Amino acid sequence: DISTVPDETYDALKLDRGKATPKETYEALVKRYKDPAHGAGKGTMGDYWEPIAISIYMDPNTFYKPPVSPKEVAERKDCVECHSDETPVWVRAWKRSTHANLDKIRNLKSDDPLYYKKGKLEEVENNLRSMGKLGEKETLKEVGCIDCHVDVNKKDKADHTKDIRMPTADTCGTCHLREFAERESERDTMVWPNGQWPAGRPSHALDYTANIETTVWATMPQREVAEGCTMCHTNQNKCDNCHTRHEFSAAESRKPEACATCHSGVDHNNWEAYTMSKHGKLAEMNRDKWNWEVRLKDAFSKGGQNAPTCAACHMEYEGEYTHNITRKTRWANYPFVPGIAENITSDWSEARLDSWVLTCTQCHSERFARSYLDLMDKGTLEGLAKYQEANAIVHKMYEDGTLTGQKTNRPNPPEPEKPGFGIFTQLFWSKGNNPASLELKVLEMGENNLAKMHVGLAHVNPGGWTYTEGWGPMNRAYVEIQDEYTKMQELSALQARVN
Amino acid sequence: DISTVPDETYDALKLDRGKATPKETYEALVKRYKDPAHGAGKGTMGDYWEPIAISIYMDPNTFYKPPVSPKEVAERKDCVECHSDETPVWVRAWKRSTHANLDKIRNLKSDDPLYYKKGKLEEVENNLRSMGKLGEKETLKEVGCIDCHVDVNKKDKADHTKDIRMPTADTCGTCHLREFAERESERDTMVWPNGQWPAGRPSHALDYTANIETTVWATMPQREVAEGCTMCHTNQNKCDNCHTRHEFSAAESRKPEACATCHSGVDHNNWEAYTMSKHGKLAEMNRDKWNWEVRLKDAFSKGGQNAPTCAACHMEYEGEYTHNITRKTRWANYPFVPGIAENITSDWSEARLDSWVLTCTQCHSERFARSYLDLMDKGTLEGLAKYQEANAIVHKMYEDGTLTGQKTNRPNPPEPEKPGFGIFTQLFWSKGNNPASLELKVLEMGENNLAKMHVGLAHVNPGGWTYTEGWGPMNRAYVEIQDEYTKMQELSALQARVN
Amino acid sequence: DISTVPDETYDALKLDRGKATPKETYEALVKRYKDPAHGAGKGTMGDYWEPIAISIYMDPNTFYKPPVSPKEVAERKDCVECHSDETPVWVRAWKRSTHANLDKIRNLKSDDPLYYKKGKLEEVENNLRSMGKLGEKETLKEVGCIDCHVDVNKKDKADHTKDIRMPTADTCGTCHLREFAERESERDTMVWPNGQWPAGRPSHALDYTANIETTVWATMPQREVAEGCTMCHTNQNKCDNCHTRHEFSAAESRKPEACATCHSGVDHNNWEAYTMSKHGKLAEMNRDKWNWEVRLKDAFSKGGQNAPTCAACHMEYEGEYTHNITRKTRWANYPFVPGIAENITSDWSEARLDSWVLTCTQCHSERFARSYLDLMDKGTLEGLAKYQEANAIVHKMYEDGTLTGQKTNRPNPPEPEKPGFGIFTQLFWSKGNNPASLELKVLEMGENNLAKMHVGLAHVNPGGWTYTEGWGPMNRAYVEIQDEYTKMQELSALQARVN
Ligand code: HEC
Ligand code: HEC
Ligand code: HEC
Ligand code: HEM
Ligand code: HEM
Ligand code: HEM
Ligand code: HEM
Ligand code: HEM
Ligand code: HEM
Ligand code: HEM
Ligand code: HEM
Ligand code: HEM
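If you read the protein sequences in the order shown, they are chains A, A' and A''. A prime marks a further copy of an entry chain.
Just so we're aligned: the first sequence equals residues 1 to 499 in the entry's author numbering.
Just so we're aligned: the second sequence equals residues 1 to 499 in the entry's author numbering.
Just so we're aligned: the third sequence equals residues 1 to 499 in the entry's author numbering.
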């Protein structure tokens, strides 16, 4: 029983909540976690792609092998000493961290805000005892290099060339069970009522599985280009994304900047929308009066925070804060996806809308919160409708074989991808007249502009769904698509006249 | 007599400066303020649009009605207690504010920089006495929820369902007369010599009136989309825009981030230009060594500020700092507007240029300030000329009925909008071949690129008027317009040959 | 002998390292510096352009003349007094600076991190003695207005109208020899093995010479527009760019924001790529825990910095930090330039790659550093190849005289520029069908999108080379170019049929 983890997760793992020991609970999670039938490995399109050099870091459990360069057999203290010279900043950053400073956590004053960590330390120690990693009357001396890079509570020497590993999600989970299980519970909680999306997605628990299952990613020859997508989809394999390497600060992952590198760009510009909104701007202007060290639960009180942030909003469900960020997903970013809009009035959605009001009501009035969320929905449907109008046109042009080069110069897409109209692959692969200008236009209208229109609406950024983003760009796309349709229509007329 | 308010304002209101009491002065302002003949209400196109749920917040004086949900009759202390649970962050933010902490303002040390507030407190108290809101031998205990949300200095109980209101500009004005009048004086000060713009615009005093008077806004069916424009045009109705809700910090409104959400984007990117300039970058790098609590008047001395900011530059006229931001407007953002360029050499403009040098000369040499402002002007005329060349072309294409679908598929715009070439409505409404690709191109060249070219020039951002913005994009527009004109010209040739 | 300056520089100047006195060393540098045969003056295209008002500031040694406005003969103390009123912020900013506070530097504690400055003070004093600017038993009282704006260690009165100057690089060099020589050594160190770029470029030592030698800059009539390019190319003439005017803070130039105004935009978005990367985001989140006052050499230790920055990475060579930023340049930003890609596997490049690993290895493992730099290269070649495919097409269209208006409406470029296909001038000059839409497309594909693809790769920003920038935009360009080629191909078919 790890209170914050959903029953559903316990059930799926076949575990009895009030009976499962930490060892058992952990064993189950890792079972499913390292199982290829659940998303582990190279995927279904494995025969089409090969890993590049940096891939041993993006997916360790599949590609990482120890660096045979230095033939060294070292101990706990050797790792630090040698690396003081070899990787200077890596040793310093670690030493200045809680992993290297466990004593502080123990001698914490009860009236200190960061006191909750002392409890978290006890918990960890009990997880390790249950797993036989720690003796019953033994404390965790520290969390050093040898612990994460070879074995937890490793005493004896480690062979550098045959023992070094890269810490994956489950490695942290040996101690951070509560966090690991909460994230893994996403596979169980994000399940759509009509299969609009794959069970347990979109999420952080299956983001790498989602990346390797993207046909284009597996078929395109430009592995270096394609790899830039892998970097935004590593959360599943390693836990150093929000709270970065060696320092692993929780205060850092609470700041909006932590999500920014991944949650930005054309098909979703969460970072840009948020930073431009009042919430976001106030977060910039008041970041200095806020105590980011205080956990999310006490942020709006002891933390002094008076403006929402990415984590505050997305990691909160019904007053509880967890590592599972799926529980409130209604639009899953892309409004054009089948059965999404259609599902927006389901009791399923209604119940999640209620959860979102519960989040806005910590500050605003419910009447106010409901007034805006309603606009968010109807506004997304207005941008959606515009896309469908333009799409209706270009789609028939396809049905009629009238797209430029459709009959002549439209080379087939790379295997295992099959030909079609308006496919994602067209956003990353082009050859001759595949895709055709008008096709790419109607495509980017939905995948980029319509997507950004929603993001702007969801993140209270006026110009983000009006002039600057969304409507403005979409208005242009529709106009140009129209303007092209008519030109082609007049060209064909003259064509027939001649023949 | 409120020293900072222009004579013109007194005259227009029919008030004798050295005779008008605060009560009288206030009564006049609100008269014009709530008068539909001056911009209040739904406007001239009221029969075409209806307010949406969130509209009761954007325009309270027209749409707001108390939330009948909770049937409660409360007192001053009840508002706070109940809301401690109901709207947690709203109560905390207020308690931590000067409105909730009036005593501090009174016990202020004379040598303290924030001492001027003590005087501002006395003034307010006198405004209230004159209006019978405060007794002659009585102090303002505090500015709590019941004061702003029902009645100023309200003693007895308030009926939640029938008494609650949303504080509009005039509500703050009951106490903050000096600020209210300074902003309202914009109606009187921003008057152009040749009607290039509507009297009292562009400004914050008539920004909502300007929004509802935008035909497209009133005619377009997408009310949710259209509402994102209302959010950038609320300054007229409420004063919580620069210094946000419940905390109402003056230090906050002095920081560039406060203007950012509205003053950014395609048709004007003041935020982006500024942040990228040296002034702006230095403002980011030195924001921590600056005391933002110090009023604008003492910023460059006691505040330690050594780089200009949005407020420092725009709220300063001739050494004085006011809430009226119109007094120095020469180009009103859009250089293509009729008689603007043409007016750039008028004694009117000359005199405002002198006012701007007076602002730059607090730091730079006049010779230096004049060297750049001159470049700003000639540079804007060079971008303007480029637009006019491309415009000359597409305009004739219109005169000759040769725009794509002009004769056939060019549906009429929504009422009360009338058909035409290159209308603003084309930036927010499209149907078939209205507008036509080339039309939208020549349109966005002026409304977006040319506009941004100027903004870049005015806010010392090199790449903002050269490569990245302005010239670069405009060079492309001209090229593509040209390239299309010739193609259509050759297509018609072959047309005639066949018939 | 100034240890940090390359032998090559000594050799080129004809100086004997262990014999050249500071006076001699300085005399040599300035010789070449003020010599038109090396980049000084108006350049080879001088007869085509004239300086505008603000040009006296961008290139003082060529255009600046004292302001005859005020007829004043002043002394050291007069400059300050009068300017206290005339240029308020200019006097304050200076007074609060080290130039105005030399005593502090002298009484510095040895255990203080900013102690190294005391040594730098001694050095300067010795430079001045050697140049007869300072007496043997004399200290530098201070660095005030009269020193920089008339003469170093000036005693007597200065005539405002005939004596005032604008401090150029060599002016600072009278005291800051070490810094001046390090920057000038760029002319000697950035020399490519196959003339891919002009000797000593790209760099800061010859950035103005590079600007005036840009044909378009000299030929285009829009001097105000063209001047926005001069502002990003002033480093050669003045040293107030990274560490700005009057305060001249070294802590300021160490912060990423200092490079941002110039190193951003379409043809290179270093600022945007960096700020979005983990390195950059961590730099934003941890800028407050870092001591920017500590010199680069001690940043990663005493400074507490645990994330790289623009200066840390670019000013470091082999453990040493200098003002010369050329020593590690492999791709010089634009991958499409002839013989660049081709040179990427030369021992020259290999040796610079090794230098870059030496920089990444202060934190990451070499295996890790090498894994990413490899991806950076192969990834840039994949974006390059895509450009070449599209280019191959449009180029033949040129060879065949089939570009829109190529035979008819393609006006010649302004002198001294000669006609051609895909020239830089086409990015800043357009007339009729010159350039042609397809030409501008293939052009911006390389100069903007391909360039940004690389920058994204070099600055670890995933979306910067995938969706948002690079690949995404380039995929569109290729598609649209293709889509146009086919349309023109079918149009000509029907053409022949008619005739
Ligand atoms: C970081 C800047 C990203 C890059 C580069 C790529 N993706 Fe992406 N992707 C990103 C985010 C933040 C999200 C979530 C968006 C949301 O709000 O839902 C996504 C989403 C996807 C998904 C969809 C969900 C699912 O099917 O499970 C997939 C399949 C996906 N991304 C794959 C993918 C591929 C293969 C890319 C390059 C070829 C690509 N993404 C780039 C952020 C980033
Ligand atoms: C916030 C990001 C905005 C959105 C969304 C919209 N507008 Fe706007 N508008 C904005 C600013 C900051 C300004 C001032 C620009 C300047 O420098 O002058 C404007 C200006 C206008 C005006 C012009 C002045 C006048 O006629 O009085 C009008 C009429 C106006 N804006 C209306 C309007 C409408 C109706 C919009 C959507 C359909 C729209 N704006 C969006 C900022 C923002
Ligand atoms: C600041 C925002 C710039 C503006 C405006 C212009 N240029 Fe530029 N340019 C800029 C940078 C940061 C760089 C270096 C890019 C890199 O990573 O290498 C450049 C480079 C050039 C060069 C190339 C190198 C050389 O030939 O020596 C030249 C010739 C150059 N820039 C000239 C130039 C001209 C004339 C411009 C306007 C007409 C232009 N640049 C604008 C930044 C900026
Ligand atoms: C796996 C690479 C891993 C991650 C990720 C991780 C994260 C993490 C965070 C964010 C903190 C907070 C630090 C702060 O002060 O803000 C933290 C703290 C503790 N960790 Fe950890 N940690 C990772 C791995 C491990 C492993 C393998 C162990 C067990 C040997 C472990 C233990 C602890 C303990 C104990 C603490 C301190 C108490 C607490 O703050 O919870 N971590 N870790
Ligand atoms: C920062 C603390 C942060 C937040 C907040 C956040 C949110 C978020 C949500 C709400 C989702 C759910 C999917 C949906 O749209 O319904 C989600 C999904 C993905 N995220 Fe995320 N995310 C934050 C941080 C991070 C970081 C640091 C990265 C990049 C390494 C990242 C990436 C992604 C990706 C990719 C998805 C994948 C969805 C899928 O394909 O199944 N997130 N995130
Ligand atoms: C990977 C499954 C993973 C682990 C494990 C992990 C651990 C971890 C710990 C131990 C803490 C507690 C530290 C403390 O003392 O407060 C913690 C806190 C936060 N994390 Fe985490 N975390 C993992 C992954 C991720 C990812 C991918 C994100 C970003 C979407 C993320 C974010 C956060 C945040 C926010 C906190 C603070 C939460 C709070 O209630 O204050 N973590 N993490
Ligand atoms: C209307 C919603 C309203 C606004 C807006 C507003 C703003 C405002 C600011 C910016 C301050 C400064 C706070 C700081 O410390 O920086 C401030 C201060 C005072 N106010 Fe106020 N205020 C609004 C409404 C009202 C009303 C209705 C009253 C009168 C009952 C009132 C009074 C005061 C007083 C007094 C002060 C303190 C002294 C001062 O700083 O001027 N406010 N307010
Ligand atoms: C931040 C303190 C801030 C500044 C500075 C500022 C300036 C500004 C100017 C100079 C104008 C005058 C119009 C002109 O271009 O000549 C103006 C006009 C508008 N503003 Fe503004 N503004 C600042 C803040 C705010 C905020 C917070 C918003 C958004 C709610 C905002 C909005 C607008 C709008 C809209 C106009 C309207 C002009 C009209 O239509 O008549 N401003 N602003
Ligand atoms: C709406 C008409 C409105 C009112 C009323 C108002 C009040 C207000 C007060 C009382 C202050 C003084 C607080 C103090 O103690 O210093 C004050 C100060 C500033 N305001 Fe304001 N304000 C109103 C509206 C707006 C708007 C729309 C803006 C942004 C364009 C704005 C900005 C500012 C700024 C800046 C300050 C500080 C000015 C200074 O001289 O320091 N206000 N406001
Ligand atoms: C030329 C306009 C010029 C520049 C540029 C410049 C820069 C510079 C910096 C960045 C500092 C550091 C200040 C800090 O505390 O971070 C600095 C310091 C000193 N300078 Fe200087 N300086 C310029 C010009 C001159 C001239 C003409 C002299 C000689 C009369 C001079 C001297 C000094 C001295 C001495 C110091 C203090 C010691 C040190 O930090 O090196 N400077 N300057
Ligand atoms: C900030 C400390 C900063 C850094 C870092 C930086 C880097 C940089 C490099 C690596 C080059 C070399 C050229 C190449 O790409 O190989 C370079 C060149 C130029 N820079 Fe720079 N630069 C920084 C700061 C500044 C500043 C503040 C400006 C703008 C006034 C600026 C400008 C330029 C320009 C222009 C070039 C010219 C190259 C040429 O044409 O020869 N840099 N910079
Ligand atoms: C122009 C040739 C120029 C001079 C001269 C100059 C001087 C200068 C000094 C005296 C210092 C030392 C100050 C101290 O006490 O630490 C110094 C330091 C830095 N500078 Fe510089 N500088 C000149 C030009 C430039 C330019 C164009 C840049 C930006 C690319 C730049 C940057 C820096 C940085 C960074 C530092 C700190 C270096 C460190 O090792 O800490 N300078 N400069």
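Positions of the beta carbon are idealized from the N, C-alpha and C atoms, including for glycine.
Just confirm the distance between the C-beta atoms of residue i and residue j, as a whole number of angstroms; I'd bet it's less than 8 Å.
| i | j | result |
| --- | --- | --- |
| residue 154/A'' | residue 146/A'' | 5 Å |
| residue 456/A' | residue 470/A' | 5 Å |
| residue 107/A' | residue 273/A' | About 43 Å separates the two Cβ atoms, so there is no contact after all. |
Of the choices the options, whose alpha-carbon is the least far from that of residue i?
| i | options | result |
| --- | --- | --- |
| residue 422/A | 399/A, 158/A, 177/A | 399/A |
| residue 352/A | 189/A, 27/A, 18/A, 382/A | 189/A |
| residue 383/A' | 157/A', 430/A', 341/A', 401/A' | 341/A' |
| residue 409/A' | 170/A, 487/A, 244/A | 487/A |
| residue 413/A'' | 266/A'', 435/A'', 404/A'', 402/A'' | 435/A'' |
| residue 252/A | 224/A, 292/A, 83/A | 292/A |
Report the rounded CA-to-CA distance for residue i versus residue j, giving the unit in angstroms.
| i | j | result |
| --- | --- | --- |
| residue 40/A' | residue 237/A'' | 56 Å |
| residue 125/A | residue 105/A | 13 Å |
| residue 42/A' | residue 360/A' | 41 Å |
| residue 229/A | residue 430/A | 18 Å |
| residue 477/A | residue 322/A | 41 Å |
| residue 489/A | residue 390/A | 16 Å |
| residue 96/A' | residue 311/A | 24 Å |
Give a single yes or no on whether residue i has its beta carbon closer than 8 Å to a heavy atom of ligand 12.
| i | result |
| --- | --- |
| residue 315/A'' | yes |
Applying the 10 Å Cβ sphere with the 16-neighbour rule, what's the burial state of residue i?
| i | result |
| --- | --- |
| residue 115/A' | exposed |
| residue 187/A | buried |
| residue 9/A' | buried |
| residue 499/A' | exposed |
Going by the C-beta, is residue i closer than 8 Å to any heavy atom of ligand 8?
| i | result |
| --- | --- |
| residue 279/A' | no |
| residue 203/A' | yes |
Is any heavy atom of ligand 5 found at a distance shorter than 8 Å from the C-beta of residue i?
| i | result |
| --- | --- |
| residue 207/A | yes |
Is there at least one non-hydrogen atom of ligand 7 closer than 8 Å to the beta-carbon of residue i?
| i | result |
| --- | --- |
| residue 117/A' | yes |
What do you reckon, is the C-beta of residue i under 8 Å from a heavy atom of ligand 9?
| i | result |
| --- | --- |
| residue 235/A' | yes |
| residue 2/A' | no |
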